[PDB]
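Okay, structure first, notes after.
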Amino acid sequence: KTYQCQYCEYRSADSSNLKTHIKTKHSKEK
Ligand SMILES: [Zn+2]
């Protein structure tokens, strides 16, 4: 019951955590 990121290699326990990670790490922060 884990989710993974398909940009880099970070994983989560709760999908929201993952979403946030991509939002603050990939998904254009610029
Ligand atoms: Zn990532």
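Ordering of the structure tokens sets the chain letters (A, B, ...), residue numbers begin anew at 1 in every chain, and ligands are numbered from 1 in the order given.
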
For this session: Per DSSP on the backbone, filter chain A down to the residues in helix (DSSP H, G or I) and report them as a list in words.
Result: residues 15, 16, 17, 18, 19, 20, 21, 22, 23, 24 and 25 of chain A

How about saving the chosen residues, N, CA, C and O atoms kept, as a short mmCIF file (atom, residue, chain, number, x, y, z; two decimals), in the first residue's frame?
```
data_model
loop_
_atom_site.label_atom_id
_atom_site.label_comp_id
_atom_site.auth_asym_id
_atom_site.auth_seq_id
_atom_site.Cartn_x
_atom_site.Cartn_y
_atom_site.Cartn_z
N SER A 15 -1.19 8.75 -0.53
CA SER A 15 -1.19 9.42 -1.88
C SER A 15 -1.09 10.96 -1.84
O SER A 15 -0.42 11.54 -2.67
N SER A 16 -1.74 11.60 -0.89
CA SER A 16 -1.66 13.09 -0.83
C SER A 16 -0.21 13.52 -0.67
O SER A 16 0.23 14.45 -1.32
N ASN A 17 0.50 12.84 0.20
CA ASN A 17 1.94 13.13 0.46
C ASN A 17 2.63 13.16 -0.90
O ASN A 17 3.28 14.12 -1.26
N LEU A 18 2.46 12.09 -1.63
CA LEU A 18 3.07 11.95 -2.99
C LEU A 18 2.67 13.16 -3.86
O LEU A 18 3.54 13.84 -4.37
N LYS A 19 1.39 13.39 -4.02
CA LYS A 19 0.89 14.54 -4.84
C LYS A 19 1.68 15.81 -4.47
O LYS A 19 2.27 16.45 -5.32
N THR A 20 1.67 16.13 -3.20
CA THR A 20 2.39 17.33 -2.68
C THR A 20 3.85 17.26 -3.12
O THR A 20 4.34 18.21 -3.70
N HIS A 21 4.52 16.16 -2.85
CA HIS A 21 5.95 15.99 -3.25
C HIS A 21 6.12 16.45 -4.72
O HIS A 21 6.90 17.34 -4.98
N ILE A 22 5.42 15.84 -5.65
CA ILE A 22 5.55 16.25 -7.09
C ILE A 22 5.22 17.76 -7.24
O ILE A 22 5.89 18.45 -7.99
N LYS A 23 4.21 18.22 -6.55
CA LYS A 23 3.81 19.66 -6.63
C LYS A 23 4.92 20.63 -6.16
O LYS A 23 5.04 21.73 -6.66
N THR A 24 5.69 20.19 -5.21
CA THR A 24 6.81 21.00 -4.63
C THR A 24 8.21 20.63 -5.17
O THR A 24 9.15 21.37 -4.95
N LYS A 25 8.29 19.52 -5.85
CA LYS A 25 9.58 19.03 -6.43
C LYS A 25 9.66 19.05 -7.94
O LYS A 25 10.72 19.35 -8.47
#
```

Would you tabulate, counting only C-alpha atoms and all ligand atoms, all residues of chain A that have an atom at most 6 Å from an atom of ligand 1, showing the closest pair of atoms and their distance in Å to one decimal, sorted by chain then ascending number, as CSV?
```
residue,atom,partner,partner_atom_place_in_ligand_line,distance
A:5,CA,ligand 1,1 (Zn),4.9
A:7,CA,ligand 1,1 (Zn),5.0
A:8,CA,ligand 1,1 (Zn),4.2
A:9,CA,ligand 1,1 (Zn),5.7
A:10,CA,ligand 1,1 (Zn),5.2
A:22,CA,ligand 1,1 (Zn),5.1
```

For this session: Considering only C-alpha atoms, return as an MDAnalysis selection string whatever protein or nucleic-acid residues lie within 6 Å of residue 12 (chain A), sequence-local ones (same chain, fewer than 2 positions apart) excluded.
Result: chainID A and resid 2:3 14 18

With DSSP run on the backbone, what are the strand (DSSP E) residues within chain A? I'd like them as a PDB file with C-alpha atoms, in the first residue's frame.
```
ATOM      1  CA  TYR A   3       2.604   4.957  -4.140  1.00  0.00           C
ATOM      2  CA  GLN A   4       5.646   6.032  -6.191  1.00  0.00           C
ATOM      3  CA  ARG A  11       7.609   7.066  -2.420  1.00  0.00           C
ATOM      4  CA  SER A  12       4.644   7.744  -0.050  1.00  0.00           C
TER       5      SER A  12
END
```
